[PDB]
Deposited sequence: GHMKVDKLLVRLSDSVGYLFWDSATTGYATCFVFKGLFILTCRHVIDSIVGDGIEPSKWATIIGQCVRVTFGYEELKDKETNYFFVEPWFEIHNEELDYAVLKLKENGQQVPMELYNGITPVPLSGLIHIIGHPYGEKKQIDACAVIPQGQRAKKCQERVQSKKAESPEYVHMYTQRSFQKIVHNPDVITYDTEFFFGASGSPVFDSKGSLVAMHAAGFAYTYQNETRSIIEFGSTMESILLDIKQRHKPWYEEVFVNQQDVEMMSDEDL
């Protein structure tokens, strides 16, 4: 369908390339969540700050070492780091206005989480050009079976490893090229409505190729509930008011 394809091209203007150069250098994907606030994965912030830094200083380091481009066209973020979560692997940052127009926010209400079918992901695999990809949902009930099949096929040449996606309705699973460094990329359902944020996969190297057993992202519903419970005053000023 092309009306959805034209919609996803429009939405892709809200998907950003996050770059950092701190003690290390790297990139990730992010997207405008609500207003000036962007979303990315929590493990990305951990890579920016690195290990052994007091929490009082993360906001200053983030403000000093992060830049975001949605295309001199870039945004800094505010030295502010308060809404985030390790298990759901999300982090909110706030863009600093600089006269350039902020792209439209992508959170557009309570999209149902697709239990099967097709989803779309927008982001920057390999830290290169922005891409829009279509992926098939892997239903929850087939996750454990899919993982063992593919591990055994390779060994032909356990499930304690995968037991963070097995009974987790808070994630969608799928197979995507966005495994290659596009963590933080927003995930859309077949209508082009924001449903999730791509998180990670299960990396391994086989015949000198880096591959992944399965990929997953945390649902917007689970992220928003966490924000609603843990940061109710912030939720009401940003989402309600």
| query | finding |
| --- | --- |
| Unmodelled ranges, which are counted on the deposited sequence from position 1 and given in order | 1, 73-80, 167-174, 259-270 |
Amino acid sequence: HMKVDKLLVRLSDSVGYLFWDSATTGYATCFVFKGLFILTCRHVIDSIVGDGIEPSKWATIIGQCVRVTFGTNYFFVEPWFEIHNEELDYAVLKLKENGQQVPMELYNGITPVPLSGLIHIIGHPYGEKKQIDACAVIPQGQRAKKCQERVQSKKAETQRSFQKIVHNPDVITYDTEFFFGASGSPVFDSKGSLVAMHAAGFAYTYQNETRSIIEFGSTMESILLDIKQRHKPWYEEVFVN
From here on, numbers count along this sequence of modelled residues.
query	finding
Residue range whose averaged C-alpha B-factor is higher in the record, 208-216 or 192-200	208-216
Stretch with the greater mean C-alpha B-factor as recorded in the entry, comparing 27-35 against 170-178	170-178
Identity of residue with top Cα B-factor, from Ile165, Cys135, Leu106, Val77	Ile165
Deposited CA B-factor, highest of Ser161, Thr111, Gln131, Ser116	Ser161
CA B-factor ranking of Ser222, expressed as a third of its chain	middle
Entry-reported Cα temperature factor of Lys145, expressed as the chain third it lands in	highest
Lowest, middle or highest third - CA B-factor, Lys57	highest
Chain third (lowest, middle, highest) by recorded CA B-factor, residue given as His120	lowest
Ranked C-alpha temperature factor of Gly71 among modelled chain residues, by third	middle
